[PDB]
Structure formats: structure tokens, C-alpha cells
């Protein structure tokens, strides 16, 4: 059989894209989106109906142009989520405005607002994951949201400190970025080529997976952002993996069964005391890669958000 079919025996496959064409092709359980993917999806011709629909709905909700752009942008993200949920049995991840990454209160409010839009469309919370950046503020926001029945996807996770804080907050799922970790080492270290087993991103996710299962944490571990199928195969066994369509295609066109790589067969160990903010900050900042990548990822998503509001603005 093909690699994709073989991977499904050990890992839940998730599609990382806002394009429904991929859902039909690979039949993933869940789908993940992001500001960047929403922006690209907005270019898709058949998605024009979703945009006009969002704009029309916005104008019917208020007469203030400022508020219309926000309602339009949020409604578009939800409309795309709605089309995807018609093709996948699992969940859709929709990301909150990245400009709110360091504001717990604003992030909680935005998350509830997005949930409100999905609920108004008749979709229950069990089909959704609110995606937020794994800053200390985002983690604190998610801890609160989970208690209120809103499941979260903690993304842009790079340091072990972030992984630990997320597990301790009891979030539903985390999204460590394998590929971007590789990018940092390629650009800041002497070594420019890595064997799958030595790929820094792979090593990072493997360690997080071990720490999570070893302590009985229920948080789902979903590796994301890949650079090659090598990283994916080396993580076979991870709870879930969200993969871009291009890599999904490569796996499906590859023959040969693969073997499970990630597993924890021991007994559960006792959990330590919770990490405090001060300890979190010290440990996260001890990681040069994580320091750079977390801040950068937030900057980029914020820009994608602004570009999307721009596009929507010229339609009001």
C-alpha cells in the first residue's frame, strides 16, 4: 500500500489547508486553517460566494464600517470552516487575531465571538478548535476557555517550557511547528542538512510526546508545518499530524509500509508542581530558537490578518 494509508494506522491524519478540494482527495479526520491559509483561500474563485456572503452578512449586522470589516473578516473565516465541516467528520481549527497574542482578556473575548458565529450557524463546540499562539497570555486564555466548554489548539509551540505550560493548563491540543524549528537551525547553525532522525523539529516533538504520555496528560499532540515527508515518517505514531496538501500527495504516491516511531510503553509517572510565569519566562528565553520563532510567527500572522482586512475593506 501507499505511505499515507499506512500512516493512518498509527496517526490521525489532518489536512493543513483552507481548500475543500484537498478534503475530498485525502479524507482527513480534521482540518486546520490559519490567517495565511484563509488569505490564500480567498483567492480561490469558487470561494467568491463565501466572501460576498460574509460582507453581506456584516452589513446586515451593523452600519459602522469599522465593525463591518471585523464582522466580515471573522464571518469569512467561519464560512470557510463551514464548507470544510461538510467534508470532514472531525474538527476545524480557526485562529484568533494574532494581534491579540499578548492580551489574555482580548483573546478570550475574540474566541467566544468566533464560537458565537459558529453556534449561530448551528455548529456545536465539539466540532471546533479555537487556535491561539502559545504565549503565556494565550495559555492563560485557553485554560479559562477550556473550563467554559471551548476547546483550544495551542499553536506556534517551540520551547519545552511552552509544551509543559500547555499540558498543565489542560488544553485540548497543541501544535508544535516541526519545520520552522528546522529552518532556524539551517539559518543559524553550521549544519545545513539533517537526517530525519536528527532533525531538530523531530527531536523536539518526540521529547514533548514522551513527556506528555509519561505523565498521563490528555492534551493531543499534533505536529505541524513540515518541510519534507522525512519529518512526517519519523513522527509516525504521534496522536495527529496536520499536513499540507503537497506533502499529502507525496505520501499517497509513495509505496511501502512504514513502521511506528513514537510510542510510550511504560507506566504513568507522577506530575510535578505547576510551572510559574517567572519559571516559564526564564526557561522559554533560554531557548534562542523558540525566542525568535514564537515572536516571528506572531508577527507574520498579524500581517496576514491585516492584509485580509485590507481585501475585505475594498469590498465594503
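Positions refer to the first chain, counted from 1.
Here the stretch with the larger average CA B-factor, out of 275 to 283 and 36 to 44, is 36 to 44. Looking at mean Cα B-factors across 90 to 98 and 188 to 196, the upper value is held by 188 to 196.
When the modelled residues of the chain are ordered by their C-alpha B factor, residue 24 lands in the highest third.
When the CA B factors of the chain's modelled residues are split into thirds, the value for residue 299 lands in the middle one. When all modelled residues of the chain are sorted by CA temperature factor, residue 180 is found within the middle third. Residue 247: CA B factor lies in the middle third for its chain, per the PDB record. For residue 227, the recorded CA B-factor ranks within the highest third of the chain. Only modelled residues enter the ranking.
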